[PDB]
Amino acid sequence: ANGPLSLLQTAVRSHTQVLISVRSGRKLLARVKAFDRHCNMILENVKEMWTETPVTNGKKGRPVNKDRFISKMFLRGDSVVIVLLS
RNA sequence: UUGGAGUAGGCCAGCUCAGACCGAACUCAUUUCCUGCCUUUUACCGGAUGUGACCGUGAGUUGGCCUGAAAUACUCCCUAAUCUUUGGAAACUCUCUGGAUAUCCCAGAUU
């Protein structure tokens, strides 16, 4: 309501896209469907991208950004580095 | 915190088991002796020794009755602020050790 989590409520009240950086080094782009005080959120229309360096024949290749589309998302709170309300 | 299997109280009757304290109470009969009183024995005296009955008792279980309650209700066991549950992670490089041993790779350790 009046705390920081209200922006997630503002994410609920507007259904806007949100960019989430996670402690695994990956990034999420999703619309916030539900949240709580414990920052456990449920998301819809989810597109998750990350960066990996493929090692081909023992040589470290260039970093490639790839992605995956997930319809329904249950992201757990403590792994989130940071949340950006776009 | 939940699931599974359960269903009340009162009373009546049958059955089984329980004296050891079944019974915080108390009689009678009788076998074999010993004693007493005794003309005879029933009835008696009072100790031992066993052995039966009778007045009662409890638990378990089965059926029934009475008043209800009516999927209500009750029941048993059971499964975000530091020491765990609201993550010091993630990622990569360097060095060292071993295998390979010209390297790549990988395991372990460390930053």
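Cβ: placed from backbone, ideal geometry, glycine included. Neighbour counts: every protein chain shown. No value in this document is a laboratory result; all are computed from the given coordinates.
Quick notes
- Any hit, segment A:52-65, residues being surrounded by 12 or more Cβ atoms within 10 Å (Cβ to Cβ) and either within 16 Å of the chain's Cα centre (by Cα) or at negative phi (or both): yes
- In segment A:12-26, of all residues being assigned to a loop (DSSP other than H, G, I, E, B) and away from RNA strand B (no atom under 15 Å from the Cβ), the one that is nearest to residue A:86 (Cα to Cα) corresponds to A:16.
- Test: residue in segment A:43-62 that is over 16 Å from residue A:83 (Cα atoms), in a loop (DSSP other than H, G, I, E, B) and among the charged types (D, E, K, R): yes
- Selection within segment A:27-75 - under 23 Å from residue A:1 (Cβ atoms) and within 12 Å of RNA strand B (Cβ to nearest atom): A:35, A:36, A:37, A:38, A:39, A:40, A:41, A:75
- Selection of segment A:1-11 for residues being touching a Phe, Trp or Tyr at 6+ places or on another chain (Cβ under 9 Å) and within 13 Å of RNA strand B (Cβ to nearest atom) yields A:5, A:8, A:9.
- Residue check: residue A:42 meets all listed conditions (1) touching a residue at least 60 places away in the same chain (Cβ under 8 Å); (2) under 11 Å from the mean Cα position of the chain (by Cα) but one, namely (1).
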